[PDB]
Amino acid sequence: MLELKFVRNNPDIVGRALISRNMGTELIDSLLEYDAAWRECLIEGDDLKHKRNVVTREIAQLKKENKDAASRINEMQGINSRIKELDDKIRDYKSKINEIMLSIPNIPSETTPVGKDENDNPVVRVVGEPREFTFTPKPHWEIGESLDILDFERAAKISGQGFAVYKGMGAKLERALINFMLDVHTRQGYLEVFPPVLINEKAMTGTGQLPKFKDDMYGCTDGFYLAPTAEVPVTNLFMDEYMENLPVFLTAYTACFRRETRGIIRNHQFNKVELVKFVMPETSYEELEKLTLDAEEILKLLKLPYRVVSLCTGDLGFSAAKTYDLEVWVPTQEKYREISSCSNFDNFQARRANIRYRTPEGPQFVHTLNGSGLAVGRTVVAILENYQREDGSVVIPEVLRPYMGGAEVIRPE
């Protein structure tokens, strides 16, 4: 969430932010009405609480001077009743202000381009040259079923639609990618952590998934949610702390769960290796450029042609101030497809989760950043498509061979 005082003082900064996201400004209008009622009730109640303290002492003084106190004791019943009414209103208004503040998206950065949707996302850079095929490439689901390394029919029987079972060299490729990704990020300076994927409500609120995106998440017995991304458990590790040794760079593998495209492009469960940073505010714009480079290094090392796109205001996520997407080439679609989002959140998540650090002039919120390095299933799609042979077998990218016993090609078994 934003800072309430800042929204009060700059309603047309915030309102134009919400129009740039294709929203109206009704939430700001509502917020400022409830805020004004809170402020006026606090003034009236603080005055009456002071008066009740004085009248209590006046009654004591009248009793010591042997004077009748009945008119004062009468006034006190009215004071006490009006105070109770004002406190009940203040309780209601604060609850309404908190609900509204948790629903207002982050302010887009000054370098986020203005646009309405994904058609207005500028291309930042194009890296690598897409393969020129001499035969007609097959999509990843046809290659995976023919090699018997992806099983959709048996996944549907145990789970349902939108799942996959990896088998044999498919399972070994996914495992090799995760190991490779975590090893490279370790060399880049990230600390490997492995957290749970059952998340409480406070953590899911902290990164912005709740309350707005509750219906997109799996909820579980005992009040838990399944993580939609390692962003949720990892970022919230430092909830209600003062952080040390900034910047802090973490990386994690987790399974990811989303209620929600063919094959493994869009599934209810998928694997992802995430990058998370906690940094001092003046450094976060450069930390985003550096995190993006750390994520795209995986694509460069795997020799998978890609491009980097800048998300416009209309396509930006709720909690993000600035995002770059990595988009990998998909031969059968003759287009690039999202494989990562890399974002700066400014202090939006840090305010929600109370993640601060000490400065000589007092405490400040950290900035948080994250990015996919990478979604593993979509990397398997990009390998099966871009490394396929005319015979339907798939060449194993050179960097993964040491993680696969020196295997060079996935063939039918």
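The first residue of the shown sequence is 1; numbering continues from there.
- Per the record, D240 and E241 are directly connected, with no deposited-sequence residue omitted between them.
- As the entry records it, the average C-alpha temperature factor is higher for 67-75, out of 224-232 and 67-75.
- Stretches 195-203 and 331-339 differ in mean CA B factor, with 331-339 having the higher one.
- Across the residues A350, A60, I383, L374, the deposited record lists the maximum Cα B factor for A60.
- Highest CA B-factor among the listed residues (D183, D325, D294, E85): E85.
- Sort the modelled residues of the chain by CA B factor and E3 lands in the lowest third.
- When the modelled residues of the chain are ordered by C-alpha B-factor, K138 sits in the highest third.
- Looking at the C-alpha B-factors along this chain, the one for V366 belongs to the lowest third.
- Sort the modelled residues of the chain by CA B factor and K49 lands in the middle third.
- In the PDB entry, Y34 places in the highest third of its chain by CA B-factor.
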